[PDB]
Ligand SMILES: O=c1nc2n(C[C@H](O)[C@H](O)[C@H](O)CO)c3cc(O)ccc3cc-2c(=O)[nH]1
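Only one chain is included here, represented as C-alpha cells and corresponding to the form solved without this ligand.
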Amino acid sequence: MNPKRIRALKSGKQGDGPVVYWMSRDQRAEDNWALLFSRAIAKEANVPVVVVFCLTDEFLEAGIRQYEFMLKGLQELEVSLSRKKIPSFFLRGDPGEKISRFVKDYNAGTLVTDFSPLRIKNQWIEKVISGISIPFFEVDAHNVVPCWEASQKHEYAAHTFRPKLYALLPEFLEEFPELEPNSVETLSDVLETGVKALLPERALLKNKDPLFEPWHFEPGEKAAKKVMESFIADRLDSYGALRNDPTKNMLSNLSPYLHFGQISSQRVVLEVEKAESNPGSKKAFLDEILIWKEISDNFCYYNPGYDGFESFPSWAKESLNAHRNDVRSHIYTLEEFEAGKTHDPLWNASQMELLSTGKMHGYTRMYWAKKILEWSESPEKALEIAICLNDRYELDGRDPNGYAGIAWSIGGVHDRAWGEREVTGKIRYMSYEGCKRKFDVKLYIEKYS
C-alpha cells in the first residue's frame, strides 16, 4: 500500500453511491492496483465497488486477432469478478459519452481509471472531466514504479533510467494484497457482431485461407499465469544467451498478456526474483520488463509527439535530414510491405511471421523496422508505415512499447550515434550480413514461406 500510485485528476463533490472503476489498460482481477484501490476507497465509504469497461469505436482500425484475444479474456474476467461480488458492466461507444451518462444515471461516488499515457486515452479523459462533478482519480497499475514517480522528465538513455528505477524498487516492489469482496448484454453478443464487421478486412492467403493462427497464444488470466510459470521452469536459464536467436523461441511470450493487462508485470518480477536461475540470464530479463518497458511509458508521457519526427533527439534529426535527398535503394509501398514483397527474404520472413502469429520476435522486429526507413521516401513516411503495420497485426500493438521501439529503430531514441552511411545517416544500422553471423538465417526464412 503506497499513496504515490494514485494521482487526482479532478476534485469535486463526493457522491453517495458505488465506486465506479473504469477498466482500460489493466484487464485483470488479480494484481491490479487500480482495482485494489477501488475496493479500499469503497470499503471506507460504506459503498459497493463496480467495474466498468468501455468498448470504443476504434476497434475497426485493427484486425480480429486483437479483438478476439481481449474479448475472450473479458469473458473469463466477468466470471472471475462475479466470484467476488463485483458486477462488470460492458458499454459500447465513446468513453466520453458512455461514462458521462453512466455516472449520472447510476449515482457514482468516486470514479477511478487505470493509467495509460497514450494520446487516445487522454482524449477520452478530457471529455470525461467535462461532464462529471465527482472526484476523478487514476492509478498506475501497469508499472512497478509509477511513471511520474520514477522520473519527472523524459529520460534520454537506458543507462540513465536504470539508477532512478532500481533505487525506487524496494519502496514499490511489494506483494499484492488480496481483493476482498463487497459486503446489460452477454459478451458473446458483441463478439459475434464485432467479428462480422471486421471479416472483410481479415488477412487471407491465396486460397481464401485466413493467415492468422490463433493456437499460439490462448487468452485469459489463467493462461497468462501458465505462460509465466512455464517460462521460468523451462526457458529462464536460456534467456540470457538465446534471446536474440529467433530460431529458438526462448522468450517469455508475455507481450499479448502484458499489453492487454491480462497479467501484472510486478507479479512477474516477484516470481522471477524468487527463482534460482542463471545470474546473467535473469538480469537480462528484468532489464527488458523493468527498464525498457517502463521507459516506454516514460517516452509517451513526457513527449506528446511520440509518434512524430519532432520527438527524435537533435543529433538524429540533423543526421536524417542531411540524408533526405540521398538516393534510396528501393521504394516499396504500403501494399508491398503488407504482403512482404521486398527483395530481402529476412524482411519477408519477418513480415510473414507477424501475419501468421501476431507476434514478431524481438530481434527480427528491429531488423524489420530499420529496413522500412532504408526503403522509404522520407523518415516521416517510414514512421507511418511502421506504425500502421505494427498496430494492425501485432498482438501487443497500440502500446507505448511499440512507439518507443519504433522511435528507437528509426530515430534512435534511447540510443546514440553510430557510423555515418547514406539514407540512414548516423542511425544504428542492422545489415543482412551481420544477421548471418548472429544466428541461422536459413532456418528463419524456411520457417515462414
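A residue's number is simply how far along the shown sequence it sits, counting from 1.
The same protein also exists as the form deposited with this ligand bound; that form is not shown, yet it is the one meant from here on.
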Considering non-hydrogen atoms and a 4.5 Å limit, does this ligand approach residue 110 in the deposited bound form? no
| query | Counting only non-hydrogen atoms and a 4.5 angstroms cut-off, does residue 23 reach this ligand in the deposited bound form? | reply | yes
*Looking at the partner-bound form in the deposited bound form, is residue 398 within 4.5 Å of this ligand by any heavy atom?*
yes
Discussion item. Check residue 418 for me: does it contact this ligand in the deposited bound form (non-hydrogen atoms, 4.5 angstroms)?
Written reply: no
Per contact check vs this ligand in the deposited bound form (non-hydrogen atom within 4.5 angstroms), the hit among 419-427, 25-33, 376-384, 42-50 is 25-33
Among 264, 116, 351, 319, just one has a heavy atom within 4.5 Å of this ligand in the deposited bound form, namely 116
Contact at 166, 269 and 277 by this ligand in the deposited bound form, all three, heavy atom at most 4.5 Å:
no
Against the displayed form, residue 247 vs residue 206 by Cα, in the deposited bound form, with 3 angstroms or more change: pair is farther
